[PDB]
>>> print(open('structure-v3.tsv').read())   # TSV, C-alpha atoms
chain	number	residue	atom	x	y	z
A	101	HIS	CA	-38.71	-10.19	-10.80
A	102	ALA	CA	-37.09	-7.37	-12.79
A	103	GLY	CA	-38.12	-6.05	-16.22
A	104	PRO	CA	-40.19	-3.14	-17.61
A	105	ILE	CA	-43.68	-3.68	-19.02
A	106	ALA	CA	-45.83	-2.82	-22.04
B	1002	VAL	CA	-16.26	13.21	-20.30
B	1003	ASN	CA	-18.73	10.49	-21.34
B	1004	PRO	CA	-17.43	6.94	-20.81
B	1005	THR	CA	-17.92	4.62	-23.77
B	1006	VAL	CA	-18.41	0.92	-23.17
B	1007	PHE	CA	-19.40	-1.85	-25.57
B	1008	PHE	CA	-20.88	-5.36	-25.87
B	1009	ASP	CA	-19.71	-7.89	-28.44
B	1010	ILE	CA	-22.98	-9.77	-28.99
B	1011	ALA	CA	-23.20	-13.47	-29.83
B	1012	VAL	CA	-26.12	-15.63	-31.00
B	1013	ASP	CA	-25.50	-19.35	-30.12
B	1014	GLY	CA	-21.75	-18.82	-29.55
B	1015	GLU	CA	-21.47	-17.08	-32.96
B	1016	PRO	CA	-20.50	-13.36	-32.61
B	1017	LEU	CA	-23.42	-11.37	-34.24
B	1018	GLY	CA	-22.06	-7.83	-34.17
B	1019	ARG	CA	-20.78	-5.18	-31.78
B	1020	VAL	CA	-22.96	-2.72	-29.88
B	1021	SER	CA	-21.37	0.29	-28.16
B	1022	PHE	CA	-22.95	2.54	-25.52
B	1023	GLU	CA	-22.50	6.02	-24.23
B	1024	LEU	CA	-22.66	6.16	-20.45
B	1025	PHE	CA	-24.27	9.61	-19.92
B	1026	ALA	CA	-21.81	10.62	-17.14
B	1027	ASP	CA	-23.07	14.23	-16.99
B	1028	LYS	CA	-26.78	13.52	-16.66
B	1029	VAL	CA	-26.61	10.12	-14.95
B	1030	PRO	CA	-23.12	9.68	-13.30
B	1031	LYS	CA	-24.16	7.23	-10.54
B	1032	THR	CA	-26.14	4.97	-12.90
B	1033	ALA	CA	-23.84	5.18	-15.98
B	1034	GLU	CA	-20.75	4.55	-13.81
B	1035	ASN	CA	-22.35	1.35	-12.54
B	1036	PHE	CA	-22.71	0.03	-16.13
B	1037	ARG	CA	-19.08	1.19	-16.73
B	1038	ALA	CA	-17.63	-0.76	-13.79
B	1039	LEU	CA	-19.90	-3.72	-14.55
B	1040	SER	CA	-18.71	-3.68	-18.15
B	1041	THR	CA	-15.02	-3.82	-17.14
B	1042	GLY	CA	-15.04	-6.50	-14.42
B	1043	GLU	CA	-12.61	-4.32	-12.49
B	1044	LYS	CA	-15.13	-4.64	-9.71
B	1045	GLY	CA	-14.72	-8.40	-9.81
B	1046	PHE	CA	-17.99	-9.21	-11.64
B	1047	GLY	CA	-20.22	-7.75	-14.35
B	1048	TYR	CA	-21.92	-8.38	-17.71
B	1049	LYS	CA	-19.27	-10.44	-19.56
B	1050	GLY	CA	-20.76	-13.82	-20.58
B	1051	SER	CA	-24.30	-12.83	-19.49
B	1052	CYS	CA	-27.34	-13.15	-21.78
B	1053	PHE	CA	-30.41	-11.24	-22.98
B	1054	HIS	CA	-33.02	-13.38	-21.24
B	1055	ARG	CA	-35.92	-11.16	-22.23
B	1056	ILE	CA	-36.33	-9.84	-25.77
B	1057	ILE	CA	-39.74	-8.60	-26.92
B	1058	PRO	CA	-39.82	-7.63	-30.64
B	1059	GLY	CA	-40.69	-3.97	-31.20
B	1060	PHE	CA	-40.34	-3.19	-27.50
B	1061	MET	CA	-36.90	-3.89	-26.08
B	1062	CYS	CA	-34.10	-6.34	-25.28
B	1063	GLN	CA	-33.36	-6.96	-21.59
B	1064	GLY	CA	-30.18	-8.35	-20.05
B	1065	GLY	CA	-27.84	-7.68	-17.12
B	1066	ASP	CA	-28.83	-10.62	-14.95
B	1067	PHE	CA	-25.37	-12.09	-14.40
B	1068	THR	CA	-26.26	-13.80	-11.07
B	1069	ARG	CA	-29.45	-15.82	-11.74
B	1070	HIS	CA	-29.70	-14.99	-15.47
B	1071	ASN	CA	-33.52	-14.54	-15.65
B	1072	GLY	CA	-34.73	-11.34	-14.00
B	1073	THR	CA	-34.24	-12.30	-10.31
B	1074	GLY	CA	-30.51	-11.59	-9.96
B	1075	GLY	CA	-27.75	-9.08	-10.67
B	1076	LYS	CA	-25.89	-6.83	-8.23
B	1077	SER	CA	-24.72	-3.22	-8.62
B	1078	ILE	CA	-21.30	-2.03	-7.50
B	1079	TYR	CA	-22.63	0.31	-4.79
B	1080	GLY	CA	-23.43	-2.96	-3.05
B	1081	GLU	CA	-26.52	-4.77	-4.37
B	1082	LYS	CA	-29.25	-2.20	-5.15
B	1083	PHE	CA	-29.01	1.59	-5.53
B	1084	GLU	CA	-31.71	4.24	-5.70
B	1085	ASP	CA	-32.79	5.63	-9.11
B	1086	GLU	CA	-30.38	8.51	-9.75
B	1087	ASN	CA	-33.07	10.59	-11.53
B	1088	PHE	CA	-35.52	10.46	-14.43
B	1089	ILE	CA	-34.20	13.38	-16.47
B	1090	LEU	CA	-33.73	11.44	-19.73
B	1091	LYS	CA	-36.85	9.98	-21.40
B	1092	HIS	CA	-37.20	6.83	-23.50
B	1093	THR	CA	-37.22	8.86	-26.71
B	1094	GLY	CA	-36.71	6.05	-29.18
B	1095	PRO	CA	-34.79	2.92	-30.30
B	1096	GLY	CA	-31.28	2.64	-28.87
B	1097	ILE	CA	-32.09	4.13	-25.47
B	1098	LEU	CA	-30.36	2.20	-22.71
B	1099	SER	CA	-32.25	2.22	-19.41
B	1100	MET	CA	-32.15	0.32	-16.10
B	1101	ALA	CA	-34.35	-2.79	-15.65
B	1102	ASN	CA	-35.68	-2.49	-12.06
B	1103	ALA	CA	-38.12	-4.35	-9.80
B	1104	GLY	CA	-40.16	-1.52	-8.28
B	1105	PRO	CA	-38.78	2.04	-7.55
B	1106	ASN	CA	-35.37	2.40	-5.83
B	1107	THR	CA	-34.12	-0.99	-6.99
B	1108	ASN	CA	-31.43	-0.54	-9.67
B	1109	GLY	CA	-28.97	-3.45	-9.70
B	1110	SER	CA	-27.28	-4.74	-12.85
B	1111	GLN	CA	-30.25	-5.41	-15.15
B	1112	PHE	CA	-30.79	-3.08	-18.11
B	1113	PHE	CA	-32.67	-2.99	-21.40
B	1114	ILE	CA	-32.01	-1.63	-24.85
B	1115	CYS	CA	-35.07	0.00	-26.44
B	1116	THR	CA	-36.12	-1.01	-29.94
B	1117	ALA	CA	-38.91	1.60	-30.09
B	1118	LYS	CA	-40.08	4.84	-28.34
B	1119	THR	CA	-41.18	3.87	-24.80
B	1120	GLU	CA	-42.42	7.13	-23.32
B	1121	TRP	CA	-44.54	5.24	-20.74
B	1122	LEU	CA	-41.38	4.15	-18.91
B	1123	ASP	CA	-40.41	7.81	-18.43
B	1124	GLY	CA	-40.16	8.55	-14.73
B	1125	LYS	CA	-40.30	4.83	-13.90
B	1126	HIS	CA	-36.92	3.75	-15.41
B	1127	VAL	CA	-33.54	5.53	-15.19
B	1128	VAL	CA	-32.24	6.30	-18.68
B	1129	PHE	CA	-28.43	6.26	-18.61
B	1130	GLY	CA	-27.17	5.63	-22.13
B	1131	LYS	CA	-27.68	4.84	-25.79
B	1132	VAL	CA	-26.52	2.59	-28.63
B	1133	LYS	CA	-23.74	4.48	-30.52
B	1134	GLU	CA	-22.88	2.07	-33.29
B	1135	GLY	CA	-24.62	-1.17	-34.10
B	1136	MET	CA	-28.19	-0.18	-33.41
B	1137	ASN	CA	-28.77	-2.48	-36.37
B	1138	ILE	CA	-26.97	-5.20	-34.36
B	1139	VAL	CA	-29.62	-4.61	-31.63
B	1140	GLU	CA	-32.32	-4.81	-34.33
B	1141	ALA	CA	-30.60	-8.14	-35.09
B	1142	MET	CA	-31.25	-9.45	-31.59
B	1143	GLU	CA	-34.85	-8.29	-32.07
B	1144	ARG	CA	-35.95	-11.21	-34.31
B	1145	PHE	CA	-34.90	-13.90	-31.85
B	1146	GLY	CA	-37.53	-12.82	-29.35
B	1147	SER	CA	-41.30	-12.98	-28.86
B	1148	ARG	CA	-44.39	-11.22	-27.38
B	1149	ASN	CA	-43.66	-12.67	-23.93
B	1150	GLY	CA	-39.88	-11.99	-23.66
B	1151	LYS	CA	-38.62	-15.47	-24.47
B	1152	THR	CA	-35.86	-15.68	-27.05
B	1153	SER	CA	-35.32	-18.26	-29.81
B	1154	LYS	CA	-31.51	-18.52	-29.84
B	1155	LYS	CA	-29.11	-17.59	-26.99
B	1156	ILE	CA	-28.23	-13.88	-27.16
B	1157	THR	CA	-25.04	-13.32	-25.14
B	1158	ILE	CA	-22.52	-10.52	-24.38
B	1159	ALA	CA	-19.37	-12.32	-25.65
B	1160	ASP	CA	-17.00	-9.63	-24.30
B	1161	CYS	CA	-17.14	-6.15	-22.82
B	1162	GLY	CA	-15.06	-3.18	-21.74
B	1163	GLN	CA	-14.34	0.52	-22.19
B	1164	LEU	CA	-13.07	2.15	-25.43
B	1165	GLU	CA	-13.17	5.88	-24.59
>>> encode(input="structure-v3.tsv", output="structure tokens")
Amino acid sequence: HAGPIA
Amino acid sequence: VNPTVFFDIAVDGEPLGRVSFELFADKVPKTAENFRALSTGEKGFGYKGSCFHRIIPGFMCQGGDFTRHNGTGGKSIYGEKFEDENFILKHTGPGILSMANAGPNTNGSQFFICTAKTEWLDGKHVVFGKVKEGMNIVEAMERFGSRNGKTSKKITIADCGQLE
């Protein structure tokens, strides 16, 4: 799964 | 020297507003070119018609998944997944366009538009562009999101191509 956090 | 591409954004079919991007050719030519070719469909595929599946208010808006449309798809033009060109440009504030990866050396087609300063992503995500006009149209797509990523209405890239 792709996608940056915070 | 800097290619300029754009996204005509739509909320539930209805066109919301336009959002243009600078593809930082000089600092990030491998990564920005990818977005450029993906924006045109001169590669055979790309972002046209795709949606912003993950929008977190005050954080960012993520899209680019034109294969599975959720975070598990998308495929770059250098094949399927290219290595992070560099981390020279930081996530300095709202408007920053950066690549949405799945663990280092995994840039495909997914990207995200920052709606705040995200310095923590510096070094982890390849910055390759920024909202030129319509950063208020990206602040428009902001409201239709939530803490978890999930959007209210369907944010889509109606059309897309290069202008300069």
>>> closest_residue(input="structure-v3.tsv", among="B:1088, B:1067, B:1121, B:1129", to="residue 106 in chain A", atoms="only C-alpha atoms")
B:1121
>>> residues_around(input="structure-v3.tsv", residues="range 1015-1022 of chain B", least_positions_apart="2", cutoff="7 Å", atoms="only C-alpha atoms", output="ChimeraX atom specification")
/B:1005-1013,1024,1130-1136,1138
>>> write_last_selection(input="structure-v3.tsv", atoms="C-alpha atoms", output="PDB file, in the frame of the given file")
ATOM      1  CA  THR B1005     -17.920   4.620 -23.770  1.00  0.00           C
ATOM      2  CA  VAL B1006     -18.410   0.920 -23.170  1.00  0.00           C
ATOM      3  CA  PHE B1007     -19.400  -1.850 -25.570  1.00  0.00           C
ATOM      4  CA  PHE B1008     -20.880  -5.360 -25.870  1.00  0.00           C
ATOM      5  CA  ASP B1009     -19.710  -7.890 -28.440  1.00  0.00           C
ATOM      6  CA  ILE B1010     -22.980  -9.770 -28.990  1.00  0.00           C
ATOM      7  CA  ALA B1011     -23.200 -13.470 -29.830  1.00  0.00           C
ATOM      8  CA  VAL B1012     -26.120 -15.630 -31.000  1.00  0.00           C
ATOM      9  CA  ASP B1013     -25.500 -19.350 -30.120  1.00  0.00           C
ATOM     10  CA  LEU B1024     -22.660   6.160 -20.450  1.00  0.00           C
ATOM     11  CA  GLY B1130     -27.170   5.630 -22.130  1.00  0.00           C
ATOM     12  CA  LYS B1131     -27.680   4.840 -25.790  1.00  0.00           C
ATOM     13  CA  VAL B1132     -26.520   2.590 -28.630  1.00  0.00           C
ATOM     14  CA  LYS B1133     -23.740   4.480 -30.520  1.00  0.00           C
ATOM     15  CA  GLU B1134     -22.880   2.070 -33.290  1.00  0.00           C
ATOM     16  CA  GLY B1135     -24.620  -1.170 -34.100  1.00  0.00           C
ATOM     17  CA  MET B1136     -28.190  -0.180 -33.410  1.00  0.00           C
ATOM     18  CA  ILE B1138     -26.970  -5.200 -34.360  1.00  0.00           C
TER      19      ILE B1138
END
>>> closest_residue(input="structure-v3.tsv", among="B:1093, B:1063, B:1107, B:1157", to="residue 105 in chain A", atoms="all atoms listed in the file")
B:1063
>>> interface_residues(input="structure-v3.tsv", of="chain B", to="chain A", cutoff="6 Å", atoms="only C-alpha atoms", output="list in words")
residues 1072, 1073, 1101, 1102 and 1103 of chain B
>>> atom_distance(input="structure-v3.tsv", atom1="CA of residue 1058 in chain B", atom2="CA of residue 1143 in chain B")
5.2 Å
>>> closest_residue(input="structure-v3.tsv", among="B:1077, B:1068, B:1119, B:1051", to="residue 1158 in chain B", atoms="all atoms listed in the file")
B:1051
>>> closest_residue(input="structure-v3.tsv", among="B:1070, B:1126, B:1092, B:1034", to="residue 1155 in chain B", atoms="all atoms listed in the file")
B:1070
>>> atom_distance(input="structure-v3.tsv", atom1="CA of residue 1110 in chain B", atom2="CA of residue 1066 in chain B")
6.4 Å
>>> atom_distance(input="structure-v3.tsv", atom1="CA of residue 1062 in chain B", atom2="CA of residue 1099 in chain B")
10.5 Å
